[PDB]
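A.B. asks: This is target_4.csv, which holds CSV, C-alpha atoms and all ligand atoms:
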```csv
chain,number,residue,atom,x,y,z
A,894,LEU,CA,0.4,-18.1,2.1
A,895,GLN,CA,3.1,-15.8,3.4
A,896,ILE,CA,2.5,-12.0,3.4
A,897,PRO,CA,4.7,-9.2,5.0
A,898,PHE,CA,3.2,-8.2,8.4
A,899,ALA,CA,3.0,-4.4,7.6
A,900,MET,CA,0.9,-5.5,4.6
A,901,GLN,CA,-1.2,-8.0,6.6
A,902,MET,CA,-2.2,-5.2,8.9
A,903,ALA,CA,-3.1,-2.9,5.9
A,904,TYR,CA,-5.8,-5.4,4.8
A,905,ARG,CA,-7.0,-5.6,8.4
A,906,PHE,CA,-7.4,-1.8,8.4
A,907,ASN,CA,-9.1,-2.2,5.0
A,908,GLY,CA,-11.5,-4.7,6.6
A,909,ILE,CA,-12.8,-2.3,9.4
A,910,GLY,CA,-13.5,0.4,6.7
A,911,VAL,CA,-10.3,2.5,7.2
A,912,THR,CA,-8.5,3.2,3.9
A,913,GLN,CA,-5.2,1.2,3.9
A,914,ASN,CA,-2.9,4.3,3.4
A,915,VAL,CA,-3.8,5.2,7.1
A,916,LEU,CA,-1.6,2.3,8.2
A,917,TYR,CA,1.4,3.0,5.9
A,918,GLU,CA,1.3,6.8,6.6
A,919,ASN,CA,1.2,6.1,10.4
A,920,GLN,CA,3.1,2.7,10.7
A,921,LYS,CA,5.6,3.8,13.4
A,922,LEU,CA,2.9,5.3,15.6
A,923,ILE,CA,0.6,2.2,15.2
A,924,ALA,CA,3.4,-0.2,16.0
A,925,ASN,CA,4.3,1.9,19.1
A,926,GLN,CA,0.7,1.8,20.3
A,927,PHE,CA,0.6,-2.0,19.8
A,928,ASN,CA,4.0,-2.6,21.6
A,929,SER,CA,2.9,-0.3,24.5
A,930,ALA,CA,-0.5,-2.1,24.8
A,931,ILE,CA,1.2,-5.6,25.0
A,932,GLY,CA,3.5,-4.1,27.7
A,933,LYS,CA,0.5,-3.2,29.9
A,934,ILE,CA,-0.8,-6.8,29.7
A,935,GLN,CA,2.4,-8.0,31.6
A,936,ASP,CA,1.6,-5.5,34.4
A,937,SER,CA,-2.2,-6.4,34.6
A,938,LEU,CA,-1.4,-10.1,34.8
A,939,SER,CA,1.6,-9.7,37.1
A,940,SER,CA,-0.2,-7.5,39.6
A,941,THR,CA,-3.9,-8.4,39.8
A,942,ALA,CA,-5.3,-11.4,41.6
A,943,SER,CA,-8.9,-11.4,40.1
B,1092,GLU,CA,-8.4,-3.9,-5.6
B,1093,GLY,CA,-5.7,-6.0,-3.9
B,1094,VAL,CA,-1.9,-6.3,-4.0
B,1095,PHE,CA,1.1,-5.0,-6.0
B,1096,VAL,CA,3.2,-7.9,-7.2
B,1097,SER,CA,6.3,-8.4,-9.4
B,1098,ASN,CA,7.3,-11.5,-11.5
B,1099,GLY,CA,11.0,-10.4,-11.4
B,1100,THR,CA,11.0,-7.3,-13.6
B,1101,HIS,CA,7.4,-6.1,-14.3
B,1102,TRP,CA,4.9,-4.8,-11.7
B,1103,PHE,CA,1.2,-5.6,-11.6
B,1104,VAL,CA,-1.9,-5.1,-9.5
B,1105,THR,CA,-3.7,-8.4,-8.7
B,1106,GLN,CA,-6.7,-9.6,-6.6
B,1107,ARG,CA,-5.5,-11.4,-3.3
B,1108,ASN,CA,-7.2,-14.8,-3.7
B,1109,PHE,CA,-6.4,-15.8,-7.4
B,1110,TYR,CA,-3.4,-14.7,-9.4
B,1111,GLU,CA,-4.6,-12.4,-12.2
B,1112,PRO,CA,-2.0,-9.7,-13.1
B,1113,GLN,CA,-3.2,-6.3,-14.4
B,1114,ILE,CA,-1.2,-3.2,-15.7
B,1115,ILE,CA,-1.1,-0.6,-12.9
B,1116,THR,CA,-3.3,2.4,-13.8
B,1117,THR,CA,-4.8,5.6,-12.3
B,1118,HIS,CA,-8.1,3.6,-12.1
B,1119,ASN,CA,-7.0,0.5,-10.2
B,1120,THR,CA,-4.9,2.6,-7.7
B,1121,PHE,CA,-5.4,5.8,-5.6
B,1122,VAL,CA,-2.9,8.6,-4.6
B,1123,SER,CA,-2.2,9.6,-1.0
B,1124,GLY,CA,0.6,12.1,-0.3
B,1125,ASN,CA,4.4,12.1,-1.0
B,1126,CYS,CA,6.7,9.0,-1.3
B,1127,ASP,CA,8.8,9.9,1.8
B,1128,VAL,CA,6.5,8.6,4.5
B,1129,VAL,CA,5.9,4.9,3.4
B,1130,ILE,CA,8.2,2.2,4.9
B,1131,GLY,CA,8.9,0.1,1.8
B,1132,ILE,CA,8.0,1.8,-1.6
B,1133,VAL,CA,9.1,1.1,-5.2
B,1134,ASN,CA,9.7,3.2,-8.3
B,1135,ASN,CA,7.5,2.1,-11.3
B,1136,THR,CA,5.4,4.0,-13.9
B,1137,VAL,CA,1.6,4.1,-13.4
B,1138,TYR,CA,-0.3,4.2,-16.7
B,1139,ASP,CA,-2.9,7.0,-17.1
B,1140,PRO,CA,-5.6,6.0,-19.7
B,1141,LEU,CA,-7.0,9.5,-20.4
B,1142,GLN,CA,-3.7,11.2,-21.5
B,1143,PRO,CA,-2.7,9.1,-24.6
B,1144,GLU,CA,-6.2,9.4,-26.1
B,1145,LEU,CA,-6.6,13.1,-25.1
B,1146,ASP,CA,-3.2,14.1,-26.6
B,1147,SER,CA,-3.7,11.8,-29.7
C,1141,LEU,CA,-10.8,16.1,-16.8
C,1142,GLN,CA,-11.9,19.7,-17.4
C,1143,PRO,CA,-8.7,21.8,-17.5
C,1144,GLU,CA,-6.8,18.9,-19.2
C,1145,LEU,CA,-9.3,19.4,-22.2
C,1146,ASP,CA,-7.3,22.6,-22.9
C,1147,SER,CA,-4.4,20.4,-24.2
D,1201,LIG,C1,-2.6,11.1,17.8
D,1201,LIG,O1,-2.5,10.5,19.1
D,1201,LIG,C2,-1.2,10.1,19.5
D,1201,LIG,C3,-1.3,9.3,20.8
D,1201,LIG,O2,-2.2,8.3,20.7
D,1201,LIG,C4,-0.3,11.3,19.5
D,1201,LIG,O3,1.1,10.8,19.6
D,1201,LIG,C5,1.9,11.3,20.7
D,1201,LIG,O4,2.2,12.7,20.5
D,1201,LIG,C6,3.0,13.4,21.5
D,1201,LIG,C7,3.2,14.9,21.0
D,1201,LIG,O5,3.6,15.0,19.7
D,1201,LIG,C8,4.4,12.7,21.6
D,1201,LIG,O6,5.1,13.2,22.7
D,1201,LIG,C9,4.2,11.2,21.8
D,1201,LIG,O7,5.5,10.5,21.8
D,1201,LIG,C10,3.2,10.6,20.8
D,1201,LIG,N1,3.0,9.1,21.1
D,1201,LIG,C11,3.4,8.1,20.3
D,1201,LIG,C12,3.0,6.7,20.8
D,1201,LIG,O8,4.1,8.3,19.3
D,1201,LIG,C13,-0.3,12.0,18.1
D,1201,LIG,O9,0.4,13.3,18.3
D,1201,LIG,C14,-1.8,12.3,17.7
D,1201,LIG,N2,-1.7,12.9,16.3
D,1201,LIG,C15,-2.6,13.7,15.9
D,1201,LIG,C16,-2.5,14.2,14.4
D,1201,LIG,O10,-3.5,14.2,16.6
D,1202,LIG,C1,7.0,-10.6,-16.4
D,1202,LIG,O1,5.8,-10.3,-17.1
D,1202,LIG,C2,6.1,-9.6,-18.5
D,1202,LIG,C3,4.7,-9.3,-19.1
D,1202,LIG,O2,3.9,-10.5,-19.1
D,1202,LIG,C4,7.0,-10.5,-19.3
D,1202,LIG,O3,7.3,-9.7,-20.5
D,1202,LIG,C5,7.0,-10.4,-21.8
D,1202,LIG,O4,8.0,-11.6,-21.9
D,1202,LIG,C6,7.7,-12.4,-23.1
D,1202,LIG,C7,8.7,-13.6,-23.0
D,1202,LIG,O5,8.5,-14.3,-21.8
D,1202,LIG,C8,7.9,-11.5,-24.3
D,1202,LIG,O6,7.5,-12.3,-25.5
D,1202,LIG,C9,7.0,-10.3,-24.3
D,1202,LIG,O7,7.2,-9.5,-25.4
D,1202,LIG,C10,7.2,-9.5,-23.0
D,1202,LIG,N1,6.2,-8.4,-22.9
D,1202,LIG,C11,6.6,-7.1,-22.6
D,1202,LIG,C12,5.4,-6.1,-22.5
D,1202,LIG,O8,7.7,-6.8,-22.5
D,1202,LIG,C13,8.3,-10.9,-18.6
D,1202,LIG,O9,9.0,-11.8,-19.4
D,1202,LIG,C14,7.9,-11.6,-17.3
D,1202,LIG,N2,9.0,-12.2,-16.6
D,1202,LIG,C15,10.0,-11.6,-16.0
D,1202,LIG,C16,11.1,-12.5,-15.3
D,1202,LIG,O10,10.0,-10.4,-15.9
D,1203,LIG,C1,12.5,-5.1,3.7
D,1203,LIG,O1,13.7,-5.1,4.4
D,1203,LIG,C2,14.9,-4.5,3.7
D,1203,LIG,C3,16.1,-4.7,4.6
D,1203,LIG,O2,16.1,-6.0,5.0
D,1203,LIG,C4,14.5,-3.0,3.4
D,1203,LIG,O3,15.5,-2.3,2.6
D,1203,LIG,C5,16.4,-1.3,3.3
D,1203,LIG,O4,17.5,-2.1,4.0
D,1203,LIG,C6,18.6,-1.3,4.6
D,1203,LIG,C7,19.6,-2.2,5.2
D,1203,LIG,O5,19.0,-3.2,6.1
D,1203,LIG,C8,17.9,-0.3,5.6
D,1203,LIG,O6,18.9,0.5,6.2
D,1203,LIG,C9,16.8,0.5,5.0
D,1203,LIG,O7,16.2,1.4,6.0
D,1203,LIG,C10,15.8,-0.4,4.3
D,1203,LIG,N1,14.7,0.4,3.7
D,1203,LIG,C11,13.5,0.4,4.0
D,1203,LIG,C12,12.6,1.4,3.3
D,1203,LIG,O8,13.0,-0.3,4.9
D,1203,LIG,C13,13.2,-3.1,2.4
D,1203,LIG,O9,12.9,-1.8,1.9
D,1203,LIG,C14,12.1,-3.7,3.2
D,1203,LIG,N2,10.9,-3.8,2.3
D,1203,LIG,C15,9.6,-3.9,2.8
D,1203,LIG,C16,8.5,-4.0,1.8
D,1203,LIG,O10,9.4,-3.9,4.0
D,1204,LIG,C1,13.1,6.4,-6.7
D,1204,LIG,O1,12.9,7.7,-7.4
D,1204,LIG,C2,13.2,8.9,-6.6
D,1204,LIG,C3,12.8,10.1,-7.5
D,1204,LIG,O2,13.4,10.1,-8.8
D,1204,LIG,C4,14.7,8.9,-6.2
D,1204,LIG,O3,15.0,10.0,-5.3
D,1204,LIG,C5,15.8,11.1,-5.8
D,1204,LIG,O4,15.5,11.5,-7.1
D,1204,LIG,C6,16.2,12.6,-7.7
D,1204,LIG,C7,15.7,12.8,-9.2
D,1204,LIG,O5,14.3,12.6,-9.2
D,1204,LIG,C8,17.7,12.4,-7.6
D,1204,LIG,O6,18.4,13.6,-8.0
D,1204,LIG,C9,18.1,12.0,-6.2
D,1204,LIG,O7,19.6,11.8,-6.2
D,1204,LIG,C10,17.4,10.8,-5.7
D,1204,LIG,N1,17.8,10.4,-4.3
D,1204,LIG,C11,18.7,9.6,-4.0
D,1204,LIG,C12,19.0,9.4,-2.5
D,1204,LIG,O8,19.3,8.9,-4.9
D,1204,LIG,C13,15.0,7.5,-5.5
D,1204,LIG,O9,16.5,7.5,-5.2
D,1204,LIG,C14,14.6,6.3,-6.3
D,1204,LIG,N2,14.8,5.1,-5.5
D,1204,LIG,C15,15.2,4.0,-6.0
D,1204,LIG,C16,15.3,2.8,-5.0
D,1204,LIG,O10,15.5,3.9,-7.2
```
Rewrite the structure from the file as C-alpha cells, please.
C.D. replies:
Amino acid sequence: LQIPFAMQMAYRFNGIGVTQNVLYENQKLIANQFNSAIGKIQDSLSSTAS
Amino acid sequence: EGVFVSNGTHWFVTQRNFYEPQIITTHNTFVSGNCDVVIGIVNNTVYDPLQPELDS
Amino acid sequence: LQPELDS
C-alpha cells in the first residue's frame, strides 16, 4: 500500500513513543542526520579491513 | 488516530488498516505550533464540538 | 472550557 515517505517516517516516530509532530516540525534536520549517517557507512566500509 | 485522507473534495481522519472516514474534530486531532514549519500542509476547517452547543 | 463558559 503506497504511503509518502515523510508520512511513513511519522508513524515510525509514533511507534517508538515520540509524538509524530516531532518529525514534521524537524523534517529537514532529520533527513540531514540520515543522509550524513549513510555517508559515514561508505567511509567505514571503504577504509576498515575488519 | 491515523491518517488524513481526501476522496477528491472532502477531508477525513481515518484509521490506517481499514477505510472508515470521520469528520475532522478537535478531539480526533491535536494542535502543535504554526502552519509555516510543516513540509506539505492543507487548508480545511476542523470542527469543534463544544462551540455550537455552548453558543446555542 | 472554563473561560468559554462566559459566552
Ligand atoms: C539539535 O542537535 C543538532 C545536531 O544534531 C543541532 O543542529 C546543528 O546546529 C548548528 C548550530 O545551529 C548548525 O551549525 C548545524 O548545521 C546543525 N546541524 C544540522 C545537521 O542541521 C541543533 O541546533 C540542535 N537543536 C536544539 C534545539 O538543540
Ligand atoms: C466525498 O465525501 C462527501 C461526504 O461523504 C461526498 O458528499 C456527499 O455527496 C453525495 C452524493 O455523492 C450527496 O448526496 C451528499 O449530500 C454529500 N454530502 C455533503 C455533506 O456534502 C462527496 O460527494 C464525496 N466525493 C467527492 C468526489 O468529493
Ligand atoms: C508533493 O510535491 C509537490 C511538488 O511536486 C509539493 O507542492 C509544491 O510544488 C512546488 C513546485 O515543485 C514547490 O516549489 C513547492 O515548494 C511545493 N510545496 C511544498 C510544501 O512542498 C507538495 O506540497 C508535496 N506534498 C507533500 C504532502 O509532500
Ligand atoms: C492557506 O491559508 C493561509 C491563511 O489564510 C493562506 O496564507 C495567507 O493568508 C492570508 C489571509 O489569511 C492572505 O492575505 C495571504 O495572501 C495568504 N498568502 C499567500 C501567499 O497567498 C495560504 O495561501 C493558503 N494556502 C492555500 C494552498 O490555499
A.B. asks: Pick the closest to ligand LIG 1201 (chain D) from A:938, A:922, A:894, A:911: which is it, counting all atoms listed in the file?
C.D. replies: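 That would be A:922, the residue with the smallest distance to ligand LIG 1201 (chain D).
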A.B. asks: Show me which residues line ligand LIG 1201 (chain D), defined as having an atom within 10 Å of a ligand atom where all atoms listed in the file count, and present them as JSON, numbers by chain.
C.D. replies: {"A": [919, 921, 922, 923, 924, 925, 926, 927, 928, 929]}
A.B. asks: Can you measure atom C4 of ligand LIG 1204 (chain D) to atom CA of residue 1136 of chain B for me? One decimal in Å is fine.
C.D. replies: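 Atom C4 of ligand LIG 1204 (chain D) sits 13.0 Å away from atom CA of residue 1136 of chain B.
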A.B. asks: Which protein, DNA or RNA residues have an atom within 8 Å of ligand LIG 1202 (chain D), counting only C-alpha atoms and all ligand atoms, as a PyMOL selection string?
C.D. replies: chain B and resi 1097-1102
A.B. asks: Report as CSV the residues of chain B within 10 Å of ligand LIG 1203 (chain D), each with its shortest atom pair and distance in Å (one decimal), using only C-alpha atoms and all ligand atoms, ordered by chain and increasing residue number.
C.D. replies:
```
residue,atom,partner,partner_atom,distance
B:1127,CA,D:LIG1203,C12,9.4
B:1128,CA,D:LIG1203,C12,9.5
B:1129,CA,D:LIG1203,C12,7.6
B:1130,CA,D:LIG1203,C12,4.7
B:1131,CA,D:LIG1203,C16,4.1
B:1132,CA,D:LIG1203,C12,6.7
B:1133,CA,D:LIG1203,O9,8.6
```
A.B. asks: Just how far from atom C8 of ligand LIG 1204 (chain D) is atom CA of residue 900 of chain A, in Å to one decimal?
C.D. replies: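 Calculated distance between atom CA of residue 900 of chain A and atom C8 of ligand LIG 1204 (chain D) is 27.4 Å.
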A.B. asks: With all atoms listed in the file considered, list every residue of chain C at most 9 Å from chain B, as a PyMOL selection string.
C.D. replies: chain C and resi 1141+1144-1145+1147
A.B. asks: Find the distance between atom CA of residue 1104 of chain B and atom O6 of ligand LIG 1204 (chain D) and write it in Å to one decimal.
C.D. replies: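 Separation between atom CA of residue 1104 of chain B and atom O6 of ligand LIG 1204 (chain D): 27.6 Å.
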A.B. asks: Could you please select, counting only C-alpha atoms, the residues of chain A within 8 Å of chain B and state them as an mmCIF file with C-alpha atoms, in the frame of the given file?
C.D. replies:
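iface-v9.cif was written with the following content:
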```cif
data_model
loop_
_atom_site.group_PDB
_atom_site.id
_atom_site.type_symbol
_atom_site.label_atom_id
_atom_site.label_comp_id
_atom_site.auth_asym_id
_atom_site.auth_seq_id
_atom_site.Cartn_x
_atom_site.Cartn_y
_atom_site.Cartn_z
ATOM 1 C CA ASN A 914 -2.900 4.300 3.400
ATOM 2 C CA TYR A 917 1.400 3.000 5.900
ATOM 3 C CA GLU A 918 1.300 6.800 6.600
ATOM 4 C CA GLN A 920 3.100 2.700 10.700
#
```
A.B. asks: Counting all atoms listed in the file, what is within 9 Å of residue 903 of chain A, bar same-chain residues fewer than 5 positions away, as a ChimeraX atom specification?
C.D. replies: /A:898,908,912-917
A.B. asks: Restricted to N, CA, C and O atoms, what does chain C look like when written out as an mmCIF file, in the first residue's frame?
C.D. replies:
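result_26.cif was written with the following content:
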```
data_model
loop_
_atom_site.group_PDB
_atom_site.id
_atom_site.type_symbol
_atom_site.label_atom_id
_atom_site.label_comp_id
_atom_site.auth_asym_id
_atom_site.auth_seq_id
_atom_site.Cartn_x
_atom_site.Cartn_y
_atom_site.Cartn_z
ATOM 1 N N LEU C 1141 -12.472 24.531 29.114
ATOM 2 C CA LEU C 1141 -13.823 25.047 28.889
ATOM 3 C C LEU C 1141 -14.078 26.343 29.673
ATOM 4 O O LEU C 1141 -14.865 27.174 29.234
ATOM 5 N N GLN C 1142 -13.436 26.533 30.828
ATOM 6 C CA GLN C 1142 -13.906 27.469 31.853
ATOM 7 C C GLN C 1142 -14.140 28.913 31.369
ATOM 8 O O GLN C 1142 -15.255 29.403 31.536
ATOM 9 N N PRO C 1143 -13.176 29.624 30.756
ATOM 10 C CA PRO C 1143 -13.420 30.992 30.296
ATOM 11 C C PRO C 1143 -14.384 31.061 29.102
ATOM 12 O O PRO C 1143 -15.037 32.079 28.891
ATOM 13 N N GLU C 1144 -14.530 29.983 28.329
ATOM 14 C CA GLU C 1144 -15.508 29.921 27.239
ATOM 15 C C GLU C 1144 -16.951 29.889 27.769
ATOM 16 O O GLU C 1144 -17.857 30.397 27.111
ATOM 17 N N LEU C 1145 -17.171 29.395 28.995
ATOM 18 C CA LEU C 1145 -18.479 29.434 29.659
ATOM 19 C C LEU C 1145 -18.998 30.859 29.932
ATOM 20 O O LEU C 1145 -20.175 31.012 30.264
ATOM 21 N N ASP C 1146 -18.165 31.896 29.784
ATOM 22 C CA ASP C 1146 -18.587 33.307 29.835
ATOM 23 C C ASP C 1146 -19.331 33.774 28.560
ATOM 24 O O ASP C 1146 -19.910 34.863 28.554
ATOM 25 N N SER C 1147 -19.339 32.978 27.482
ATOM 26 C CA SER C 1147 -20.074 33.278 26.243
ATOM 27 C C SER C 1147 -21.592 33.314 26.449
ATOM 28 O O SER C 1147 -22.180 32.412 27.062
#
```
